[PDB]
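Enquirer: Sharing a structure with you now.
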Ligand SMILES: *[C@@H]1O[C@H](CO)[C@@H](O[C@@H]2O[C@H](CO)[C@@H](O[C@@H]3O[C@H](CO[C@H]4O[C@H](CO)[C@@H](O)[C@H](O)[C@@H]4O)[C@@H](O)[C@H](O)[C@@H]3O)[C@H](O)[C@H]2NC(C)=O)[C@H](O)[C@H]1NC(C)=O
Ligand SMILES: *[C@@H]1O[C@H](CO)[C@@H](O)[C@H](O)[C@H]1NC(C)=O
């Protein structure tokens, strides 16, 4: 039994409630045990409890007297028990209950009014039971109930007589998922005082029954509606008729295997704001199919269209101007589909569109011309996602229409060509370009000329050609702060490659072949590419095969806070290499071949470090090699992960596998 | 539903009285106890098993457990003598009653019966009818044996009588009527009402000379 | 750079068995991983790309799964010709690193060998050196104890045995032990015997020939 | 090496008209085209860059058009201060090549007569043994003007040299400086020297003269 | 406080329709926190449940199997009442009817009606015959003198007897009614008054009979 | 019909220049990258690097940076791989493959046939082939076997056939063993039914590519010595 | 805001070599590369080469590979271009240009250096007065800058005060080999004898500053 002001006795196989708990506890957690009974006498001294959780037990029934023992009880969780029958005495004396959980108790039917004196109850959960009806009382009570959960039951009908007990109640959420309901008795929804959210997920309805349902929701106070997976195969302009008389703002129609969307199907919801149509089987989207939805601000069409039939060549066709009505649409997610291509007037109309996700939305978008994104001309687009579209070529002036574009993701494609610079023409407000994971990009001096306002450039694993150009291809990028050039295995770069990037803060260069460039044997000496980076904050140089480090490479890196030189063949470092790193807070040198740590190297480095990482190193356990290091470790404030565990010595054989933490420095 | 109460239960004045109410798992429902006096409307004395309504004495306590719903009245007085009914709504039956319980409060010392015999009025003879009225009051117990005598010959013909009921002072009383003709009233020399109480007899007598 | 290590190193399974080879990466190679199959002496063959995608023209029994640093190649029903060395490769970096590969062998039942001993031809004797060749035809398993015997005396060190691949049909090895001796040692002895001890033979069969009489 | 073929040779167009210069790229240079204006003497001023974008401060009348290898500079409604030489350039591949250049002069729907003056040799210049008489034609139009020197009513040949300034920024009028150079002997040999201006601005050929000893 | 006034015919002929009316005061008929209903008590101390009625959104009324389809409880939101309709009545429908108020939550009856009595007989309702009763020759030394009123031959039951229209209370006793062999009822009601104030004090008796529309008040002439 | 064919087996001494070829046909040669793979005898596949046939853009593995030169010829559609000065440890099998970008990663679908590079301080010697045959009367079981021994040769490989490649099944060519001297020895047998005496002619044909030697031999048992 | 300054003119001897100066001020010298341009009078312009002020890297034109030698003094913030083996065909104007935020532009130019290959040494300018013999509504004064070498000269009027109504004619080359520039100024007659008119001729190669006053009036 763990006491932390909240008594937690979970998974202890307790057959009886503990009697040694302090009189200070207010919460009791008894999930997963073997309690069959709950006597009141065992709960007398603990009259300060405000929350009780006894889920996953074998409790048969509940004593009325017990409810008198906890006058401060707010939340009661009785989920997954054997509590099958309820009476009026069960929860009678628990008037302060605000949350009651009764899931998976195999309750088949509720007697009279067990919850009549629970007028403080806010959330009632009766999920995963065997209730065939919704009647929970014969009078009006529970005016404070806001959530009624009735998931996974045998409820077949909603009757006014059974649901009018909440006439003076305001239900925010009426959960009726996984229920086979086949009829809605007239006036059942008006029987409730205030119904805001209706959830009919996993409920076999059909266009007709859903139509009658919508007719039943008319003139109500509904705001949220979820008809997900109701197998709504088709929709006409009569299906959502009743909803004409509602102020609905959220509609979920996902997982319905929706084949055809008839004209003016959603013309009855001019107040809808959130539309979920993800995961369907739409074969043909007509023009006026999305008419009337001029207040929608978010539309999700993920996997909403049919897959390619391969043989039948059955491609999901989207007619022109099909999105023109959603004038207030700001967020459009059409990712993961088999749309043939981008028509000339496909996205015409969306004059508030700020986010467009086209991730894998097309069968093959192999070429980006100047006419491709012409429909988005009058859209204030800020973010465009074009990943996983098999794009193999980007022509000039392809993004002229997206003048306000800020974030462009062209990653995860087959882009293999020469960047002339004209590909970025029009992007005056460009912020970041994600070009990672592609074929090949041949670089030129004019490659990024037209976009000097760029701050973040990602070229991870794309095979950069001519990156070793004398006038650096990155020269016009003055405002660049983050540059990713990892996984490219570039064997040659020049001195002035990072010239002009005085505002650069984060530099990723891991998994390249820059080793030869830093050896003393390299023609013309070492390549000091870290020259003039006065604002570099995070430097990544892992997995380069570095066996040598020149003394003055890290000279102009004063503001460098995090340095990553792990996963290299580094061993002996020259003196005063980190002499200019005063603002260093994180040092990474794990998985190297370091065999000596001396003061003349890690002196100014260990000054204000808060994170040291040299996990896998073959240290040498002698005085002149480890004394200063161990003596520093014993008195440092630096947080060192796996300090006593993985800091082992590989030499001398006397200290093989011996932790450096336990080395004796009294002999030195 | 099926609720069973004991037929009759007696108790000494000022002793702990107990009433039963049997039923299958009745300990799951809220039981109610009503008190009813003859000539009056039944009044609820116990609701919510143990709660005493506004204007209800603290002598009335209640309980309900298992298969038994028990009512308890300590310090039973003479005014507590009445009928008792238990009830509970349960299913759509919406109010289920029991068999009923009759409480009997013992003495209360024995008293002498006041016998008053009223002859037929003159206006009754104007309508050519006669009926002698025997009226007894204040006696305990209520077990009495009344007889009508014509001179020395007993007459049980044309005799109507009520069963003895209790008054407001917990003493018993009843009324009797003997319907005859004015001719017979002016025939026999004397008619007598003889009331036998616990063996002893209190008698009244009237004659044609009036 | 990135270290790719497979497990197990080598296994044996019967035809029709479902086999699973695991491939671990030192760091996250995401979804980019390929499975290649290599037959002995022949160029590799692309089975799987992108960890789960099945390459065009590849048999249906080959599947692949996994992400992050854990991947798994799965053979549904092994075939007599499905024995090969299966390598995994990472493509999250332009420095592609393969694994050490996994050797797939077949768990055929025990089968006795067909022994045939061959004396040196005279054209070879013309040169001045003799080589006797012992042959074990079609057997299982690999573990074969071949012991030569010159005049009922065990020779050792001067024998070199070559073991062939498993048969493309019945999956049975073939062993050839070559024994080299000088021309002066040839006519110096009498009985030349080849003894074969195996798990497919209760008593070691010895096929022999006598010098001159053969 | 990508070359730049500029057309035309020279250009003359009056005020308010629209002019168009042309540049033919030998190879693909994309849109990386620069148009410079340069008045004689000063460093070239950038007008257009990237073929379509105007430089910061450049008037709206200048506008560039682009098509294939044809890159054109178009000025709508010329102004008197839009004169000078116009050059083009590419910025694609090194080495950078410029255009041949088109000189733009303007015209005006009117004729201005020259203010004719004459200047005698100096008193300190005659010490050197060399005299130079200077005929000035101040602010005129058009350019075509005949200056004929007269030594005692005798036309001089070859020993005189003209020097004309560039077009005016506002009124677009030229000035001409004719210089008659004669040694002190040839100067002290005669008396009356003159210069005759034959131009379409003045009615009859004006002759401005001076006598030796008078000044 | 809450008061319930109950009324209706005391005599209903067989195979016809019994009607009753219960008016409420101090509470509303069409509102929550208040339930209503009917319960009859057949002669012989047999407490039976007829029905209940209540409102949440619609009107919800519940009946027993005993009342079958012969019963109908309809409320009147207008005049703040609730009625009772029992079709096809047999002599066993004769009972002491009580209209009741059920109090939420657990249905308890805090307020009953005074109760009205109905009878099924197919008679014609005979009117009572009340005559005063006092001693013809009274000259005693007794400190008590009992005078009364005698009701003769009436149907059906009951009849209410008063003294001085409610003034005289203590000392008043009304005897239970008997059934004559002629099929009619007889009742007596007496009271004891001082012998010193016999001729100096007024004593009048009131008699009320419901189904006959008869109210007879009679003064007893004191005999000197 | 995508096809990649490399050069023949090379046999040079440590210090000699070498250049193996790799020509492709049946596909768009300059459309897909061409990569190289080294495989040391008994060791796993190793990545060398790749080249684009169009612009001859080279990207070597960090291990082979400056240790080898990958070239290409767009005209002949033939990628080349060369060493200026061979080494003792350059002895391995060299494959070339086509890089097909599918599933957003470079994968190799088509491979070469393989080029065996054998570099040692030793010289080349022609093979010596001698037949194998059991005794005369010893054959009376069910099936007999005959043999061919290609002994004392350097270096590998050696191609063994039976009846000019006619006889396929029934034969067994064993791996070559390295003798004490430094020469190889290979055994190649064939199994036939009881009609092995004098029914059909079994002549083995052995070809040795380095020393350019082809030798055929008939196998039968001689009764006298 | 930002200036690249080159010398006025440089007179040189055929066969010899000359360095040309380009001082960068107004910004951080080690930011943009320095480009060089050769422009002959009337002819077109040629891009000589670009040089990095950081590492001294140079991208040359194949024509100026042996004629132009580029260097940069970072401490002095100056780009130097040395022309060797000078011929008369090398006599032209040389500019140093820079790039802007758009590297495909040449926003910043220097005032250029006029290289003159002649081998004739330097002669100072002879300034003579020019006044008429005459009155009229508008009178004309002037100065004659005769016999000097080489170009150019700068002729101001009254220390830069007198501006409008002044025509400084282009210089002409005589048969004697010396340039001769003419300068004039038109002023109303009423201001002839009221104020003072002095012209300032400045010849850079001869280090000559002459102030000649035109009397008469
Ligand atoms: C443009 O659209 C792209 C989709 O085509 C977007 O890519 C998505 O971006 C998200 C967010 O970064 C990424 O999902 C991440 O997944 C990793 C790893 O997942 C792990 O999941 C479990 C963990 O136990 C297990 O399967 C493995 O261990 C995995 O390692 C998480 O660490 C992240 O938190 C995140 O969930 C994917 O890259 C991708 N998701 C999809 C939908 O495929 C891209 O972000 C868009 N570009 C922008 C910036 O707009
Ligand atoms: C409650 O009891 C514990 C145990 O005795 C005591 O230490 C603590 O002070 C009390 N309340 C808290 C949590 O302060």
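We number chain A the way Swiss-Prot does; in order, the residues shown are 29-696.
Every residue, even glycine, has its Cβ placed from backbone N, Cα and C.
What Swiss-Prot records for A:52-73 is repeat 'LRR 1'. What Swiss-Prot records for A:52, A:70, A:124, A:196, A:252, A:265, A:291, A:398, A:413, A:507, A:636, A:662 (among others) is N-linked glycosylation site. For A:76-97, the entry in Swiss-Prot reads repeat 'LRR 2'. Annotated disulfide bond per Swiss-Prot: A:95-A:122, A:649-A:677, A:651-A:696, in sequence order. What Swiss-Prot lists as repeat 'LRR 5' is A:148-168. The feature repeat 'LRR 6' is assigned by Swiss-Prot to A:172-193. The repeat 'LRR 7' annotation in Swiss-Prot covers A:198-219. Taken from Swiss-Prot, the feature repeat 'LRR 8' applies to A:222-244. Feature annotation from Swiss-Prot assigns repeat 'LRR 9' to A:249-270. The repeat 'LRR 10' feature in Swiss-Prot is assigned to A:275-296. Feature annotation from Swiss-Prot assigns repeat 'LRR 14' to A:380-400. The feature repeat 'LRR 16' is assigned by Swiss-Prot to A:432-454. The repeat 'LRR 18' annotation in Swiss-Prot covers A:507-528. Among the features that Swiss-Prot reports, repeat 'LRR 22' is placed at A:611-632.
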Enquirer: Among the glycosylation sites A:291, A:413, A:507, name every one whose Cβ is found under 6 angstroms from ligand 1, counting any of its atoms.
Expert: A:413
Enquirer: Mind giving me a neighbour count for residue A:398 (N-linked glycosylation site)? Other Cβ atoms within 10 Å of its Cβ, every protein chain shown.
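Expert: There are 16 of them.
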Enquirer: Which recorded positions from the set A:265, A:398, A:507, A:651, A:696 come within 10 angstroms of residue A:291 (N-linked glycosylation site), judged by C-alpha positions?
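Expert: So far as Cα distances go, the recorded positions lying within 10 Å of residue A:291 (N-linked glycosylation site) are A:265.
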Enquirer: List the residues of the same chain that sit at least 6 positions away from residue A:70 (N-linked glycosylation site) in sequence and have their Cβ under 8 Å from its Cβ, in sequence order, or write 'none'.
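Expert: Those within reach of residue A:70 (N-linked glycosylation site), by Cβ under 8 Å and sequence separation of 6 or more, are A:44, A:45, A:47.
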Enquirer: Near ligand 2, which of the recorded positions show up if the criterion is a Cβ under 6 Å from one of its atoms? Options: A:52, A:265, A:507, A:651, A:677.
Expert: A:52
Enquirer: Return one of helix, strand or coil for residue A:398 (N-linked glycosylation site), based on DSSP.
Expert: coil
Enquirer: Would you kindly list the residues that approach the repeat 'LRR 9' (A:249-270) from elsewhere in its chain, counting only those six or more residues past its ends and only Cβ-Cβ distances under 8 Å?
Expert: 201, 217, 222-235, 238-239, 241-243, 276-297, 304
Enquirer: Can you tell me which parts of the same chain pack against the repeat 'LRR 6' (A:172-193), counting only residues 6+ beyond its ends and a CB-CB cutoff under 8 A?
Expert: 126, 131, 147-166, 199-220
Enquirer: Restricting to the chain of residue A:649 (disulfide bond) and a gap of 6 or more, list residues whose Cβ falls under 8 Å of its Cβ, or answer none.
Expert: A:677, A:679, A:680, A:682, A:683, A:686, A:688, A:691
Enquirer: Between A:507, A:662, which of the glycosylation sites has the fewest other CB atoms within 10 angstroms in the structure shown?
Expert: A:662
Enquirer: If you draw a 10 Å sphere on the Cβ of residue A:677 (disulfide bond), how many other Cβ atoms land inside?
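Expert: Counting Cβ neighbours of residue A:677 (disulfide bond) within 10 Å gives 23.
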Enquirer: Return the count of C-beta atoms lying within 10 angstroms of the C-beta of residue A:413 (N-linked glycosylation site), excluding that atom itself.
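Expert: Cβ-Cβ neighbours of residue A:413 (N-linked glycosylation site) within 10 Å number 22.
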Enquirer: Using DSSP reduced to three states, classify residue A:70 (N-linked glycosylation site) as helix, strand or coil.
Expert: helix
Enquirer: Tell me which of the glycosylation sites A:124, A:196, A:252, A:507 ends up closest to residue A:696 (disulfide bond) in space, Cα to Cα.
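Expert: The answer is A:507.
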Enquirer: Please give the sequence-distant neighbours of the repeat 'LRR 14' (A:380-400): residues at least 6 beyond its ends with Cβ less than 8 Å from one of its Cβ atoms.
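Expert: For the repeat 'LRR 14' (A:380-400), the list is 325, 336, 343, 355-370, 372, 407-426, 428, 442.
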Enquirer: Rounded to the nearest Å, what's the C-alpha distance separating residue A:265 (N-linked glycosylation site) and residue A:507 (N-linked glycosylation site)? Just drop the number here, would you?
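Expert: A Cα-Cα distance of 53 Å.
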Enquirer: Work out the three-state DSSP category of residue A:651 (disulfide bond).
Expert: helix
Enquirer: Given the recorded positions A:52, A:95, A:122, A:196, find the one whose Cα is closest in space to the Cα of residue A:662 (N-linked glycosylation site).
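Expert: It is A:52, whose Cα lies nearest.
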